[PDB]
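Values below: all heavy atoms of this structure, side chains included; hydrogens, waters and symmetry mates excluded. First the proteins, then the strands, lettered A, B, ... as listed; each starts at 1.
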Number of protein chains: 8
Amino acid sequence: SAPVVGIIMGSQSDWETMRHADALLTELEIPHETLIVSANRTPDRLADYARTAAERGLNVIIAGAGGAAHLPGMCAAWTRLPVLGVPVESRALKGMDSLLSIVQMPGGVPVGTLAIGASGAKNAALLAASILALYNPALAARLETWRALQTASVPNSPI
Amino acid sequence: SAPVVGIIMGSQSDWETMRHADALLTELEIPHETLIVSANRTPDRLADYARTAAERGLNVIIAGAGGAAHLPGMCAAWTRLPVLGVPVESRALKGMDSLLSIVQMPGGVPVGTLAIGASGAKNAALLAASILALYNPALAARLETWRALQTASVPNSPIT
Amino acid sequence: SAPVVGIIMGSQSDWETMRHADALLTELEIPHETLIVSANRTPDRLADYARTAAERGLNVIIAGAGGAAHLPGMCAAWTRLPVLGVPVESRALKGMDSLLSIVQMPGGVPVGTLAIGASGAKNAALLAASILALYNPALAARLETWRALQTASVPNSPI
Amino acid sequence: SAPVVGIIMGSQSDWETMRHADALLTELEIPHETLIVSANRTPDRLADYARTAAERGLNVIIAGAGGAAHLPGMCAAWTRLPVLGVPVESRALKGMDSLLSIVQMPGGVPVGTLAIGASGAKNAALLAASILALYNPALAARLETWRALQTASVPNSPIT
Amino acid sequence: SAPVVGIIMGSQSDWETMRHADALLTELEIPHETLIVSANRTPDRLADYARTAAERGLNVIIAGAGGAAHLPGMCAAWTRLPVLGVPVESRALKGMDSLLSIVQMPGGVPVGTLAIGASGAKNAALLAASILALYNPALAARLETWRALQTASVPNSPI
Amino acid sequence: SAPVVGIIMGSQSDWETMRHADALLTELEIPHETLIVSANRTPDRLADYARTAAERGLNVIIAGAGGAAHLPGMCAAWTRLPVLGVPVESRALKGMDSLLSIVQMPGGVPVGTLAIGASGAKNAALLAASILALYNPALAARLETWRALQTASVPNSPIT
Amino acid sequence: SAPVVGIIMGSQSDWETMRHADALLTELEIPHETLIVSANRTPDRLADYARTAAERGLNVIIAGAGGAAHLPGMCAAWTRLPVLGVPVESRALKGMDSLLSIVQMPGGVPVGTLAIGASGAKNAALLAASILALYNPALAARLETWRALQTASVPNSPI
Amino acid sequence: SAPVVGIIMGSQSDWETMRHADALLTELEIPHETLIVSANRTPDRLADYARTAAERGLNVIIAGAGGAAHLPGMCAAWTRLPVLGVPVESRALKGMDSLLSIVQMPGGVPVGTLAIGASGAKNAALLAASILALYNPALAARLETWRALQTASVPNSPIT
């Protein structure tokens, strides 16, 4: 029941993208919390959230943001937990700005970066699942099933 | 002494970059293996490596590649283990081709991507360490100490 | 009747683009098969497809995919046959990511790359036709006719 | 002699670039301080610096950073003072990652961004000077003289 | 009543973006003028506007333009006042062209550059406010309130 | 001994890149010719070359060019033979201008494009070889052997 | 009555953009012809058009194309006349591909390149006008009037 | 001997590039002047130069600039004469900032842009020459001869 994964996003507009991470974790029955945290607008909220994540029992944090997208990197700056970043596609630069500000983190402060957009959000949840699966046999089995279903469900020909 | 992390790279040329991941894992005392495997040039070698990773005891895979970098993604296609990708800098496109080929994975097959180059390799090792630390108290302490030392070692004023 | 060209694509969403390759081959009466094969979601399907292509009588393979687009390159990795790649335009990066992951293949594993989108798909089929025409006089003549009609049909002034 | 401008940079490596801002402020006789502070590596040091900037008498902050450059933006997140950002050129992406990470700030948290590299650092100091000149007649004259000299010093014909 | 900030834009099409700067200054009760000035179409108008800005009592100038966006830099070329630039997103290059022509100004002629689009326009006004706040206690307090309200109003979870 | 592959390039400067295609064809024993022809500077020379390619016995054309690279596309405009394009790396834009000028061909006039630089030239020769191998059993065997040797020659572990 | 400027474009789809060049030349009463010429689909048509342009009395050629946009450069390759190029914005790469294939011409074969899109088309016509104005006093005066009207018509404030 | 072409550049640093335009005009015997004028740093000098160009007898202006290149565009804003722009290669962005700042002119104020760098400067001079050749038979012949010589001078085979 207690969340083991935290999904945080820069703003409400990021939900259209990050909901894909939420849906996937629920599908795999991975207890989690979904919140809005802005690195630039709510810096103290982020500091407190990241600093206390491990204490609260969180094992992985999935962070998504658009524009300069400081959220993922700054979250990683305050927590020892694995942080996965999702560049949110936002208008002018199609998430290219977000991608670079998330993936180009300096040595010492990693952010496992996923694809720009919905696919990245979905994959951040799957990656978080693969991490948790390392020490949760039941989840590992459900993940195996999920991957097997994906592979088996791909059509052989276009419609 | 059995490896829990597997570092794979497409070529000897990628070693200059990936050695930073190897060094960091050794520093944190994380048993691991280091091999050269190319998705584009030794696809069957990759299939065998990735398919058997989990049964061989590996927990995390760190894959480095440049150009039309497919090693991380194809490894992830055959294993359920978390795969971290390191874009190796390319001559003409400065690693942009490497980066996009690795990070833009389709929904359903994740690859946690790090920065282009050495910093990326170092962070891939650190990320793998943070993953393993979730269920290894001793490593967790070694990691905490390492991170804290980094922060405390940052100078306060510039040297002219 | 037996296909001499194989058109494979990463997913159903790629059909809107790859159908242009299908239509062109049919127009030129080039026997072919059109399938969905994902390098990342169905790796074994791709391995088997590419490995056996030559044995099955295929002479050319046209592969299209978006995003990281691993399909064309990995197909070329398993077959000795000429592989032509079509970067599919997909959202965030307008197929620029697909283009680089297809065209920047290492020395030793070529992928003849075409333009991003529908035009690339159409040209992949035309290129496959020009390859087959080298040893099929009847097809060569039909291709000559197709090219001649294209050139002759371009209007002299805008409407 | 109390500092009215604070120049902060993520590392010693950024000094080669940021020293140009330091030199220009000194030339215009603007009291300032120069420190190394990293948003990604010393986040708490940044929080303390930015939170107390205003109460310490600072009027403008010049922040230089490269790569996933978050120093300017996070500083701006904790201070109400105007923050100017200088993108430090990066090896692979030539400062493009630095630039986008700094300029693309969300609405509500501004960072006045200057050019990539040395020219940017110089302009950050000049911009800070023009800000301070609004309420410092003496500085305003020194600035006017400086700008006028620049214009008059531009050659009229090329040397072969 | 007399304007202390001047908002100038390249054309009417830039208003959709620059209106966000206008609205913000009004919200903070910062007296200002909003005008259309084209560096390339009305060079003498810009020269006169920039040259006389300080004399007219202006303290900061916010300039926005799309395309080659020469407006911000050229304005800075003629005034000693702080000039803030807003790259306007315009079609073909999503404001990337505007961004570079504004931010890459040579040493000696600065333009404090903000984000591409509406957010940049809003931030240019906020930056201008933070500059004026240095010598206007009442405004400083209103700005503090604005920033505090922004931080406090960010939702804790997505809807 | 009659050439079945024609390698054309816009200039002597492109030779450093295109020589890799020449070498590979020779290695696989594929008779070919190598010439310099510029679409932008010797358009009539190109027209004559491309128009007569088929009647001269050529089966595949490998065209290398950089900058506003039009050689591959214009060659393809005059011949029905398959044309493979190699983007030659450019000084400022690192071959990006070369790549887009070559790959973005309009529907109806194909140009199979390879990687920027030497690797691209090598792959253009290999692609031409795979095309010719479809109706040349002997070449097919030589190609199979070549590809297999490449795969078997990839090292398994990195040298430090 | 005899055309002194030739406007050529890669295809019918380029008309939406190139019509702006046509309209401008008509507005300035500059006799001209507007045609469709494809460098890749109708190479001989282009060769003949460019080779004979000077003989036919043309003084300037405005060429517009999208994608790889070989039209402008190849036209310049066959004529001694000044060739102005207009990159047409086309889908995947927003005319960035067209821009580079037109502007990066080798030393010895120039193409005066204008902005991507409608503005570029309009400016190509204006540039052609400024060239013709050098030896046509009446046109020079009409151009002066056009430029003066543009400058004078820019609004002072947004609506 | 009165100049009919005016070559202007933002700085001495741009001369290495713009000298190629100067040399070509001299080769074709086109009287011209060469000056340094910066839009961003000597705006009034530019205004005076551009406003008086036509009355001074100039027919074409060739303007070279790098970075936030505004010289060509602002010159065009003050003169009705045709203005050709040459993007000077920049350190970090390799002339991309120069190119976009120059070519993306708004409708109504044209600037005929050439390639980034030396090739661009050479073509700007050649374009100016082709413009002047429209009403200068002698120059037209010199230009025809020059172009023809270029084409005939292109080698037919590569030197190894």
Side-chain angles (χ1 to χ4, degrees), chain A residues 10-14 16-17 38 40-41 65-70 87-101 116, chain C residues 92 94, chain D residues 72-73 76 85 87 96 99-113, chain E residues 7-25 27 34 36 62-73 83-104 111-129 150, chain G residues 94 116-117 158, chain H residues 68 100-101 104 106:
Chain A
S11 73
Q12 174 61 44
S13 69
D14 297 324
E16 177 50 47
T17 299
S38 174
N40 305 308
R41 298 190 182 111
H70 291 193
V88 174
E89 196 191 326
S90 64
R91 231 185 166 334
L93 314 179
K94 297 181 171 203
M96 181 57 40
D97 46 358
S98 307
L99 172 62
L100 301 181
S101 186
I116 296 168
Chain C
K94 297 181 171 203
Chain D
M96 278 305 313
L99 176 57
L100 298 182
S101 295
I102 296 169
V103 76
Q104 294 294 89
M105 287 296 286
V109 190
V111 168
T113 313
Chain E
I7 296 174
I8 61 181
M9 59 201 83
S11 73
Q12 174 61 44
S13 69
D14 297 324
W15 181 233
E16 177 50 47
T17 299
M18 303 309 291
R19 66 188 177 75
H20 296 282
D22 171 65
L24 195 291
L25 293 183
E27 181 169 59
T34 305
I36 287 177
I62 292 172
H70 291 193
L71 182 61
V83 178
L84 309 183
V86 180
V88 174
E89 196 191 326
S90 64
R91 231 185 166 334
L93 314 179
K94 297 181 171 203
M96 181 57 40
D97 46 358
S98 307
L99 172 62
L100 301 181
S101 186
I102 295 169
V103 79
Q104 293 295 84
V111 172
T113 313
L114 291 306
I116 296 168
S119 291
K122 180 176 177 181
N123 282 345
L126 283 166
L127 180 50
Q150 168 178 66
Chain G
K94 297 181 171 203
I116 296 168
Chain H
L100 298 182
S101 295
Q104 294 294 89

- Message: How close do E:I7 and E:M18 get, counting heavy atoms only, and between which atoms?
- Response: CG2-CE, 4.1 Å

- On a heavy-atom basis, the closest approach of E:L114 and E:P87 is O-CD, 3.1 Å

- Message: Within this structure, what is the CG-CH2 distance for the pair E:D22 and E:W15, rounded to the nearest 0.5 Å?
- Response: 4.0 Å

- Message: Do E:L99 and D:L100 have side chains that approach each other closer than 4.5 Å (heavy atoms only, starting at C-beta)?
- Response: yes

- Task: Report yes if the side chains of E:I62 and E:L127 come closer than 4.5 Å at any heavy-atom pair, otherwise no.
- Result: no

- Task: Report yes or no: does A:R41 contribute a side-chain atom to a donor-acceptor pair with the main-chain N or O of D:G107 at less than 3.5 Å?
- Result: yes

- Message: For the CG atom of E:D14 and the CD1 atom of E:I8, what is their distance to the nearest 0.5 Å?
- Response: 11.0 Å

- Between the CZ atom in E:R19 and the NZ atom in E:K122, the distance rounded to the nearest 0.5 Å is 11.5 Å

- Is E:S98 close to E:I116 at the side-chain level, that is, under 4.5 Å between some pair of heavy atoms? no

- Item | Flag side-chain contact, heavy atom, 4.5 Å: E:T34 against E:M9 | yes

- Item | Heavy-atom closest contact (E:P72 atom, E:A63 atom, distance) | CG-O, 3.5 Å

- Message: Whether the side chain of E:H20 engages the backbone of E:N123 through a donor-acceptor N/O pair (distance < 3.5 Å, no angle test) should be reported.
- Response: no

- Kindly compute the distance separating CZ (E:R91) from CG (E:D97), expressed to the nearest 0.5 Å. 12.5 Å

- Message: When you compare the side chain of E:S119 with that of D:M105, does any pair of heavy atoms fall below 4.5 Å?
- Response: no

- Query: Just how far is it from atom CG of A:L93 to atom NZ of E:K94, taken to the nearest 0.5 Å?
  - Reply: 7.5 Å

- Query: Hey, what do you get for CD (D:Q104) to OG (A:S90), rounding to the nearest 0.5 Å?
  - Reply: 7.5 Å

- Correct closest heavy-atom pair for E:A121 and E:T17 would be CB-O, 3.1 Å

- Message: For the backbone of A:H70 and the side chain of A:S101, can you confirm whether one donor and one acceptor N or O come within less than 3.5 Å of each other?
- Response: no

